[PDB]
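Asks: So here's input07.pdb (PDB, C-alpha atoms).
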MODEL        1
ATOM      1  CA  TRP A   1      27.279  -6.990  -5.777  1.00  0.00           C
ATOM      2  CA  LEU A   2      25.117  -7.082  -2.647  1.00  0.00           C
ATOM      3  CA  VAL A   3      23.947  -3.569  -3.475  1.00  0.00           C
ATOM      4  CA  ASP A   4      23.053  -4.946  -6.918  1.00  0.00           C
ATOM      5  CA  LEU A   5      20.780  -7.404  -5.112  1.00  0.00           C
ATOM      6  CA  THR A   6      18.932  -4.843  -3.037  1.00  0.00           C
ATOM      7  CA  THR A   7      18.434  -2.265  -5.824  1.00  0.00           C
ATOM      8  CA  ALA A   8      17.342  -4.400  -8.783  1.00  0.00           C
ATOM      9  CA  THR A   9      13.743  -4.658  -7.522  1.00  0.00           C
ATOM     10  CA  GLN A  10      10.900  -2.131  -7.423  1.00  0.00           C
ATOM     11  CA  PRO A  11       9.143  -1.928  -4.043  1.00  0.00           C
ATOM     12  CA  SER A  12       5.738  -3.496  -4.170  1.00  0.00           C
ATOM     13  CA  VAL A  13       2.252  -2.119  -3.854  1.00  0.00           C
ATOM     14  CA  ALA A  14       0.839  -3.306  -0.559  1.00  0.00           C
ATOM     15  CA  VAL A  15       1.444  -1.610   2.795  1.00  0.00           C
ATOM     16  CA  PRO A  16       1.123  -4.190   5.590  1.00  0.00           C
ATOM     17  CA  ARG A  17      -0.819  -3.442   8.754  1.00  0.00           C
ATOM     18  CA  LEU A  18       1.920  -4.526  11.160  1.00  0.00           C
ATOM     19  CA  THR A  19       5.552  -4.106  10.125  1.00  0.00           C
ATOM     20  CA  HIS A  20       8.687  -6.001  11.117  1.00  0.00           C
ATOM     21  CA  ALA A  21      11.135  -3.788  12.998  1.00  0.00           C
ATOM     22  CA  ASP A  22      14.151  -3.692  15.307  1.00  0.00           C
ATOM     23  CA  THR A  23      14.366  -3.136  19.017  1.00  0.00           C
ATOM     24  CA  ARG A  24      15.070   0.385  17.775  1.00  0.00           C
ATOM     25  CA  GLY A  25      11.972   0.120  15.590  1.00  0.00           C
ATOM     26  CA  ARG A  26      13.440   0.767  12.146  1.00  0.00           C
ATOM     27  CA  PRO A  27      11.370  -1.133   9.551  1.00  0.00           C
ATOM     28  CA  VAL A  28      12.956  -3.876   7.473  1.00  0.00           C
ATOM     29  CA  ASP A  29      12.634  -3.682   3.701  1.00  0.00           C
ATOM     30  CA  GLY A  30      13.891  -7.069   2.553  1.00  0.00           C
ATOM     31  CA  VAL A  31      14.839 -10.704   3.137  1.00  0.00           C
ATOM     32  CA  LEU A  32      17.953 -12.567   1.996  1.00  0.00           C
ATOM     33  CA  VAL A  33      17.776 -16.360   1.948  1.00  0.00           C
ATOM     34  CA  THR A  34      21.127 -18.117   1.572  1.00  0.00           C
ATOM     35  CA  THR A  35      22.513 -21.569   2.203  1.00  0.00           C
ATOM     36  CA  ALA A  36      24.629 -22.323   5.253  1.00  0.00           C
ATOM     37  CA  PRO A  37      28.239 -21.993   3.892  1.00  0.00           C
ATOM     38  CA  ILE A  38      27.424 -18.755   2.069  1.00  0.00           C
ATOM     39  CA  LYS A  39      25.989 -17.268   5.267  1.00  0.00           C
ATOM     40  CA  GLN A  40      29.180 -18.129   7.151  1.00  0.00           C
ATOM     41  CA  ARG A  41      31.299 -16.463   4.472  1.00  0.00           C
ATOM     42  CA  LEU A  42      29.226 -13.281   4.296  1.00  0.00           C
ATOM     43  CA  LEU A  43      29.217 -12.758   8.073  1.00  0.00           C
ATOM     44  CA  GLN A  44      33.016 -12.702   8.501  1.00  0.00           C
ATOM     45  CA  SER A  45      34.341  -9.984   6.195  1.00  0.00           C
ATOM     46  CA  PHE A  46      31.599  -8.709   3.877  1.00  0.00           C
ATOM     47  CA  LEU A  47      28.682  -7.803   6.162  1.00  0.00           C
ATOM     48  CA  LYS A  48      27.942  -6.615   9.689  1.00  0.00           C
ATOM     49  CA  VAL A  49      25.282  -7.831  12.091  1.00  0.00           C
ATOM     50  CA  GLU A  50      23.504  -4.765  13.448  1.00  0.00           C
ATOM     51  CA  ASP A  51      20.683  -6.362  15.423  1.00  0.00           C
ATOM     52  CA  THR A  52      19.667  -9.693  16.917  1.00  0.00           C
ATOM     53  CA  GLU A  53      16.093  -9.376  18.231  1.00  0.00           C
ATOM     54  CA  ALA A  54      13.254  -8.195  15.996  1.00  0.00           C
ATOM     55  CA  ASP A  55       9.619  -7.180  16.461  1.00  0.00           C
ATOM     56  CA  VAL A  56       7.326  -9.566  14.579  1.00  0.00           C
ATOM     57  CA  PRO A  57       3.513  -9.683  14.237  1.00  0.00           C
ATOM     58  CA  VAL A  58       1.757 -12.822  15.429  1.00  0.00           C
ATOM     59  CA  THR A  59      -1.878 -12.639  14.328  1.00  0.00           C
ATOM     60  CA  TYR A  60      -2.955 -13.533  10.834  1.00  0.00           C
ATOM     61  CA  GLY A  61      -5.095 -11.115   8.835  1.00  0.00           C
ATOM     62  CA  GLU A  62      -8.849 -11.340   8.458  1.00  0.00           C
ATOM     63  CA  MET A  63     -11.417  -9.929   6.076  1.00  0.00           C
ATOM     64  CA  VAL A  64     -14.526  -7.847   5.641  1.00  0.00           C
ATOM     65  CA  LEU A  65     -17.068 -10.081   3.924  1.00  0.00           C
ATOM     66  CA  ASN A  66     -19.508  -8.358   1.559  1.00  0.00           C
ATOM     67  CA  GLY A  67     -20.654 -11.412  -0.302  1.00  0.00           C
ATOM     68  CA  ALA A  68     -23.472 -12.141  -2.692  1.00  0.00           C
ATOM     69  CA  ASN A  69     -26.041 -13.794  -0.457  1.00  0.00           C
ATOM     70  CA  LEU A  70     -28.501 -16.572  -1.241  1.00  0.00           C
ATOM     71  CA  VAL A  71     -31.976 -17.030   0.251  1.00  0.00           C
ATOM     72  CA  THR A  72     -33.845 -20.340   0.444  1.00  0.00           C
ATOM     73  CA  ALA A  73     -36.845 -20.405   2.784  1.00  0.00           C
ATOM     74  CA  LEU A  74     -40.003 -22.494   2.714  1.00  0.00           C
ATOM     75  CA  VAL A  75     -43.282 -20.579   2.896  1.00  0.00           C
ATOM     76  CA  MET A  76     -46.516 -22.181   4.102  1.00  0.00           C
ATOM     77  CA  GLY A  77     -49.357 -20.430   2.297  1.00  0.00           C
ATOM     78  CA  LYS A  78     -49.630 -17.663  -0.291  1.00  0.00           C
ATOM     79  CA  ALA A  79     -50.297 -14.359   1.471  1.00  0.00           C
ATOM     80  CA  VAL A  80     -48.749 -10.907   1.372  1.00  0.00           C
ATOM     81  CA  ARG A  81     -47.132 -10.994   4.819  1.00  0.00           C
ATOM     82  CA  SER A  82     -45.949 -14.574   4.335  1.00  0.00           C
ATOM     83  CA  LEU A  83     -44.118 -13.794   1.083  1.00  0.00           C
ATOM     84  CA  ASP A  84     -42.443 -10.655   2.446  1.00  0.00           C
ATOM     85  CA  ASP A  85     -40.582 -12.847   4.942  1.00  0.00           C
ATOM     86  CA  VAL A  86     -38.285 -13.864   2.098  1.00  0.00           C
ATOM     87  CA  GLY A  87     -37.577 -10.158   1.724  1.00  0.00           C
ATOM     88  CA  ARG A  88     -37.075  -9.701   5.464  1.00  0.00           C
ATOM     89  CA  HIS A  89     -34.646 -12.628   5.364  1.00  0.00           C
ATOM     90  CA  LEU A  90     -32.401 -10.638   3.007  1.00  0.00           C
ATOM     91  CA  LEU A  91     -32.027  -7.825   5.529  1.00  0.00           C
ATOM     92  CA  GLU A  92     -31.895 -10.282   8.390  1.00  0.00           C
ATOM     93  CA  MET A  93     -28.826 -11.964   6.913  1.00  0.00           C
ATOM     94  CA  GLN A  94     -27.230  -8.819   5.484  1.00  0.00           C
ATOM     95  CA  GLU A  95     -27.409  -7.422   9.012  1.00  0.00           C
ATOM     96  CA  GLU A  96     -25.531 -10.448  10.360  1.00  0.00           C
ATOM     97  CA  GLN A  97     -22.615  -9.790   8.006  1.00  0.00           C
ATOM     98  CA  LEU A  98     -22.157  -6.494   9.842  1.00  0.00           C
TER      99      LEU A  98
ATOM    100  CA  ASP B   1     -22.354 -17.206  -6.360  1.00  0.00           C
ATOM    101  CA  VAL B   2     -19.633 -14.559  -6.609  1.00  0.00           C
ATOM    102  CA  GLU B   3     -18.218 -13.460  -3.260  1.00  0.00           C
ATOM    103  CA  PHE B   4     -16.693  -9.986  -2.878  1.00  0.00           C
ATOM    104  CA  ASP B   5     -14.095  -9.600  -0.139  1.00  0.00           C
ATOM    105  CA  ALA B   6     -11.542  -7.075   1.067  1.00  0.00           C
ATOM    106  CA  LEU B   7      -8.287  -7.549   2.941  1.00  0.00           C
ATOM    107  CA  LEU B   8      -7.546  -6.015   6.319  1.00  0.00           C
ATOM    108  CA  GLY B   9      -3.829  -6.721   6.344  1.00  0.00           C
ATOM    109  CA  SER B  10      -2.553  -4.890   3.278  1.00  0.00           C
ATOM    110  CA  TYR B  11      -3.361  -1.546   1.660  1.00  0.00           C
ATOM    111  CA  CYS B  12      -2.165  -0.147  -1.675  1.00  0.00           C
ATOM    112  CA  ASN B  13      -0.033   2.842  -2.650  1.00  0.00           C
ATOM    113  CA  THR B  14      -1.861   4.186  -5.688  1.00  0.00           C
ATOM    114  CA  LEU B  15      -0.374   7.668  -6.079  1.00  0.00           C
ATOM    115  CA  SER B  16       3.271   8.660  -5.730  1.00  0.00           C
ATOM    116  CA  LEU B  17       3.016  12.448  -5.495  1.00  0.00           C
ATOM    117  CA  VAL B  18       6.276  14.002  -6.690  1.00  0.00           C
ATOM    118  CA  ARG B  19       6.647  17.742  -6.205  1.00  0.00           C
ATOM    119  CA  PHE B  20       9.321  19.557  -8.185  1.00  0.00           C
ATOM    120  CA  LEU B  21      10.331  21.639  -5.169  1.00  0.00           C
ATOM    121  CA  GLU B  22      11.068  18.420  -3.303  1.00  0.00           C
ATOM    122  CA  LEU B  23      13.855  17.693  -5.782  1.00  0.00           C
ATOM    123  CA  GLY B  24      17.461  18.775  -5.609  1.00  0.00           C
ATOM    124  CA  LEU B  25      17.240  20.141  -9.141  1.00  0.00           C
ATOM    125  CA  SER B  26      15.069  23.123  -8.086  1.00  0.00           C
ATOM    126  CA  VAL B  27      18.178  25.174  -7.326  1.00  0.00           C
ATOM    127  CA  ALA B  28      18.970  25.606 -11.048  1.00  0.00           C
ATOM    128  CA  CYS B  29      15.561  27.225 -11.695  1.00  0.00           C
ATOM    129  CA  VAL B  30      13.929  30.469 -10.766  1.00  0.00           C
ATOM    130  CA  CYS B  31      10.359  29.153 -10.593  1.00  0.00           C
ATOM    131  CA  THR B  32       8.176  32.238 -10.868  1.00  0.00           C
ATOM    132  CA  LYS B  33       4.707  31.663 -12.300  1.00  0.00           C
ATOM    133  CA  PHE B  34       2.393  33.703 -14.394  1.00  0.00           C
ATOM    134  CA  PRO B  35      -1.315  33.123 -14.206  1.00  0.00           C
ATOM    135  CA  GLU B  36      -1.248  34.940 -17.580  1.00  0.00           C
ATOM    136  CA  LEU B  37       1.316  33.729 -20.061  1.00  0.00           C
ATOM    137  CA  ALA B  38      -0.820  32.700 -23.032  1.00  0.00           C
ATOM    138  CA  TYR B  39      -1.940  36.313 -23.450  1.00  0.00           C
ATOM    139  CA  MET B  40       1.679  37.424 -23.917  1.00  0.00           C
ATOM    140  CA  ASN B  41       3.633  37.931 -27.139  1.00  0.00           C
ATOM    141  CA  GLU B  42       7.441  38.274 -27.155  1.00  0.00           C
ATOM    142  CA  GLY B  43       8.621  39.121 -23.664  1.00  0.00           C
ATOM    143  CA  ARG B  44      12.166  40.324 -23.161  1.00  0.00           C
ATOM    144  CA  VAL B  45      14.873  40.180 -20.489  1.00  0.00           C
ATOM    145  CA  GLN B  46      17.590  42.833 -20.202  1.00  0.00           C
ATOM    146  CA  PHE B  47      21.276  42.583 -19.311  1.00  0.00           C
ATOM    147  CA  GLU B  48      23.741  45.409 -18.679  1.00  0.00           C
ATOM    148  CA  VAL B  49      27.413  44.429 -18.818  1.00  0.00           C
TER     149      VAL B  49
ENDMDL
END
Give the structure from the file, written as structure tokens.
Replies:
Amino acid sequence: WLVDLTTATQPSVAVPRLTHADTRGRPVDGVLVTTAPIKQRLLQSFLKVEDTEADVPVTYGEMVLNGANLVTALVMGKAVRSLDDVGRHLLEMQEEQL
Amino acid sequence: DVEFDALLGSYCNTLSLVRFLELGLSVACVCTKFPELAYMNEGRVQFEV
């Protein structure tokens, strides 16, 4: 029945960056969540504990932002070089996202 | 304002490349290929018993 738990599900799409492992380093492919009296029953005669201390990532994950950017800048005057500074402000802020 | 982002923690598995010679079934074959089969009419295989 416990094999019917672990084989009724298709492994998902995403590969994580850091993976949970043993002290040996074998990766873990699942999580059981039980109540307390069921866990005491399963750990006497039906299962075996093979490890106690695991390797676990600590940092959260971050992103690469490539967002649609918005430009609002006041311009004093109507000249060619003074209106191109709105255009320079696009590549000034798109550089800061790098 | 529509922001486009991308994760850095999780990457997909798009293709699952299955080769037939990775399988256990490839014993029961004799996988010899032609690069010309469509040009061939009735081919024959002989047995002497």
Asks: Could you tell me which residues of chain A sit within 12 Å of chain B when counting all atoms listed in the file, and give me the result as an mmCIF file with C-alpha atoms, in the frame of the given file?
Replies:
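Once written, out.cif looks like this:
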data_model
loop_
_atom_site.group_PDB
_atom_site.id
_atom_site.type_symbol
_atom_site.label_atom_id
_atom_site.label_comp_id
_atom_site.auth_asym_id
_atom_site.auth_seq_id
_atom_site.Cartn_x
_atom_site.Cartn_y
_atom_site.Cartn_z
ATOM 1 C CA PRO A 11 9.143 -1.928 -4.043
ATOM 2 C CA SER A 12 5.738 -3.496 -4.170
ATOM 3 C CA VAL A 13 2.252 -2.119 -3.854
ATOM 4 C CA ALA A 14 0.839 -3.306 -0.559
ATOM 5 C CA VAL A 15 1.444 -1.610 2.795
ATOM 6 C CA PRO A 16 1.123 -4.190 5.590
ATOM 7 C CA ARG A 17 -0.819 -3.442 8.754
ATOM 8 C CA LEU A 18 1.920 -4.526 11.160
ATOM 9 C CA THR A 19 5.552 -4.106 10.125
ATOM 10 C CA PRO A 57 3.513 -9.683 14.237
ATOM 11 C CA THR A 59 -1.878 -12.639 14.328
ATOM 12 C CA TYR A 60 -2.955 -13.533 10.834
ATOM 13 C CA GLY A 61 -5.095 -11.115 8.835
ATOM 14 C CA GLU A 62 -8.849 -11.340 8.458
ATOM 15 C CA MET A 63 -11.417 -9.929 6.076
ATOM 16 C CA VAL A 64 -14.526 -7.847 5.641
ATOM 17 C CA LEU A 65 -17.068 -10.081 3.924
ATOM 18 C CA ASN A 66 -19.508 -8.358 1.559
ATOM 19 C CA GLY A 67 -20.654 -11.412 -0.302
ATOM 20 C CA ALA A 68 -23.472 -12.141 -2.692
ATOM 21 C CA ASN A 69 -26.041 -13.794 -0.457
ATOM 22 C CA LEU A 70 -28.501 -16.572 -1.241
ATOM 23 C CA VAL A 71 -31.976 -17.030 0.251
ATOM 24 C CA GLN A 97 -22.615 -9.790 8.006
#
Asks: For CA of residue 2 (chain A) and CA of residue 47 (chain A), quote the distance in Å rounded to one decimal.
Replies: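 Between CA of residue 2 (chain A) and CA of residue 47 (chain A) the gap is 9.5 Å.
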Asks: Nearest residue to residue 58 (chain A) out of A:20, A:83, A:78, A:26, using all atoms listed in the file?
Replies: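 Between A:20, A:83, A:78, A:26, the residue approaching residue 58 (chain A) most closely is A:20.
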Asks: Find the residues around residue 85 (chain A) up to 10 Å (all atoms listed in the file counted), leave out those fewer than 6 positions away in its own chain, and share them as an MDAnalysis selection string.
Replies: chainID A and resid 73:75 91:92
Asks: Export C-alpha atoms of the chosen residues as a short mmCIF file (atom, residue, chain, number, x, y, z; two decimals), keeping the file's coordinate frame?
Replies:
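For reference, out-v7.cif as written:
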data_model
loop_
_atom_site.label_atom_id
_atom_site.label_comp_id
_atom_site.auth_asym_id
_atom_site.auth_seq_id
_atom_site.Cartn_x
_atom_site.Cartn_y
_atom_site.Cartn_z
CA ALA A 73 -36.84 -20.40 2.78
CA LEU A 74 -40.00 -22.49 2.71
CA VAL A 75 -43.28 -20.58 2.90
CA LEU A 91 -32.03 -7.82 5.53
CA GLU A 92 -31.90 -10.28 8.39
#
Asks: Using the file's own x, y and z axes, what box holds all listed atoms of region 39-48 of chain A with 8 Å on each side, keeping edges along x, y and z, and what are its centre and edge lengths in Å to one decimal, as JSON?
Replies:
{"center_x": 30.2, "center_y": -12.4, "center_z": 6.8, "size_x": 24.4, "size_y": 27.5, "size_z": 21.8}
Asks: Just give me the gap between CA of residue 37 (chain A) and CA of residue 49 (chain A) in Å, one decimal is fine.
Replies: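 Answer for the CA of residue 37 (chain A) to CA of residue 49 (chain A) separation: 16.6 Å.
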